[PDB]
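# Overview (structure and organization)
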Amino acid sequence: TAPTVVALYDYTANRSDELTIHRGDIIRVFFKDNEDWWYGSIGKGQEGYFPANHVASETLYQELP
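Residues numbered from 1 in each chain as written, not as in the entry; some residues may be left out. Heavy atoms only, no water. Residues with missing side-chain atoms left out of burial classes, pairs and counts.

- X-ray crystallography is the method the PDB entry lists for this structure, together with a resolution of 1.53 Å.

As structure tokens, then:
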């Protein structure tokens, strides 16, 4: 429920409690709120919601072409 994942697709924050993520960014998941929205960190003091459908496992990311 609290993996380290990688952004596959860019997302721009659209609320004050969201992250902006870019493809390749490493995200430390803190919570899986529901199937659509997860919450986690991109760095010291940088936390927020992000869409689950924009991320992938480290394994998948490293196996892309």
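Now that the structure has been shown, the text picks up again.
## Brief notes about the packing of aromatic side chains
- The full count for this structure, using the stated rule, is six aromatic pairs.
- Aromatic side chains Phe30 and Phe31 sit 6.4 Å apart centroid to centroid with 85° between the ring planes, which places their arrangement in the edge-to-face category.
- Across the ring face of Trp38, the terminal group of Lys32 is positioned such that the distance to the ring centre comes to 4.4 Å. (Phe/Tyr/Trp six-rings, centres within 6.5 Å; stacked < 30°, edge-to-face > 60°. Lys NZ or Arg CZ within 6 Å of the ring centre and 35° of its normal.)

## A few points about the side chain of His54
- Inspection of the secondary structure puts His54 in the loop between β4 (46-51) and β5 (55-57).
- Residue class for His54 comes out buried when judged on its relative accessible area of 18%.
- Beyond its immediate chain neighbours, meaning those up to four positions away, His54 contacts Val6, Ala7, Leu8, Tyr9, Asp10, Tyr11 and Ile21. (Helix = DSSP H or I, 4+ residues; strand = E, 2+ residues; numbered from the N terminus. Buried < 20%, exposed > 50% of the residue type's maximum accessible area, 1.4 Å probe, protein only. Contact = heavy atoms within 4.5 Å.)

## Concerning the nonpolar core
- Counting residues in each nonpolar core, the largest one holds eleven residues, listed as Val5, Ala7, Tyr11, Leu19, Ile21, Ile27, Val29, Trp38, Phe50, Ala52 and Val55.
- Elements that contribute at least two residues to this core include exactly β1 (4-7) and β2 (26-32).
- Residue contacts for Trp38: discarding those within four places in its chain leaves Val5, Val29, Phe31, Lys32, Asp33, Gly48, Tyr49, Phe50, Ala52 and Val55. (Core = buried A, V, L, I, M, F, W, Y, C linked by side-chain atoms within 4.5 Å.)

## Remarks on the sheet that holds β1
- Taken in spatial order, the five strands of this open sheet run β4-β3-β2-β1-β5, and their pairing is antiparallel. The open sheet has two free edges, formed respectively by β4 and β5, since each of these has just one partner strand. Geometrically, the sheet is characterised by an average inter-axis angle of 45° between neighbouring strands, direction not taken into account.
- Relative to β5, β1 is paired through three bridges, and the arrangement is antiparallel. What sits directly across from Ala7, in β5, is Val55. (Pairing = 2+ DSSP bridges. Axes fitted to C-alpha atoms, helices over the stretch in contact; angles between N-to-C directions.)

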